[PDB]
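Asks: Quick one: the structure is below, questions incoming.
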Amino acid sequence: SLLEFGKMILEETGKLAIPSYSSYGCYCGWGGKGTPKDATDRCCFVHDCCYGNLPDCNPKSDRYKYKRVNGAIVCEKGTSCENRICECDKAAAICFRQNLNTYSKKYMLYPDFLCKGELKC
Ligand SMILES: CS(=O)(=O)Nc1ccc([N+](=O)[O-])cc1Oc1ccccc1
């Protein structure tokens, strides 16, 4: 679920999902057009694609379980949708951590009109 993803993001990064990742660049918190602005935004692009892989799942609301094994995220077995959603979220959280070095506050509340053009998953 979105709330679980937000907790995972905070755990990974030390940033609150709202506001740090809820309105960032062209793809975080809202897709779905434009060239991603930076690596963090590309995490969101890929995460959006990852959810897009799951048209019959409901990633905003469906809850999954996960644990930590020495810092590592391990998605625990739920329904097929839950497992796949968890894997999408895990990847994005790791991606955000891997790109914290280049996170730029200037991309918070990035305006829509600067995000133009289709980029295929
Ligand atoms: C913000 S919301 O109402 O909870 N919906 C939603 C949540 C996350 C994302 N996103 O891009 O990560 C995008 C979201 O919304 C959109 C999905 C597709 C296209 C436009 C917006």
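Asks: Quick one: of 60/116; 15/37; 67/106; 7/67; 33/67; 37/60, which pairs are farther than 22 Å apart, Cα to Cα?
Replies: Check vs 22 Å cut-off fails for 60/116; 67/106; 33/67; 37/60.
Asks: Here is a follow-up. So for 85, 73, 18, fewest C-beta neighbours within 10 Å to most, what's the order?
Replies: Lowest to highest Cβ neighbour count: 18, 73, 85.
Asks: Which GluC sites (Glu not before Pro) does the range 33-120 hold that lie in a coil by DSSP with at most 11 other beta carbons within 10 Å?
Replies: Answer in residue order: 76, 118.
Asks: Using only the Cα atoms of the chain, construct the convex hull and provide its projected area averaged over every direction, in square nanometres to one decimal.
Replies: 7.1 nm²
Asks: Going by alpha carbons, how many degrees (0 to 90, nearest 10) lie between the helix axis of 80-98 and the longest principal axis of the chain?
Replies: 50 degrees
Asks: So if each residue of separation counts as 0.36 nm, and I subtract the Cα-Cα distance between residue 11 and residue 108, what length gain in nm does that give?
Replies: Contour length minus the Cα-Cα distance gives 32.9 nm.
Asks: Per-residue HN-Hα couplings for the range 12-17, Karplus 6.51 cos²θ - 1.76 cosθ + 1.60 at θ = phi - 60°, whole Hz, x for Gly and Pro?
Replies: Once θ is set to phi - 60°, the couplings for the range 12-17 become 6, 9, x, 9, 5, 4 Hz.
Asks: What do you get for the angle between helix 39-52 and the principal long axis of the chain? Use alpha-carbon atoms, 0 to 90 degrees, nearest ten.
Replies: Relative to the chain, helix 39-52 is tipped by roughly 60 degrees.
Asks: Between beta-carbons, use under 10 Å as the cut-off and find the net charge around residue 81, counting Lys and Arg +1, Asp and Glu -1.
Replies: Details: positive: 84; negative: 56, 62, 82.
Within the 10 Å Cβ shell, the charges total -2.
Coordinate-derived values only; no laboratory data. A quick note on method: Cβ atoms are made from the backbone with ideal geometry, for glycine too, and the neighbour counts reach across all protein chains shown.
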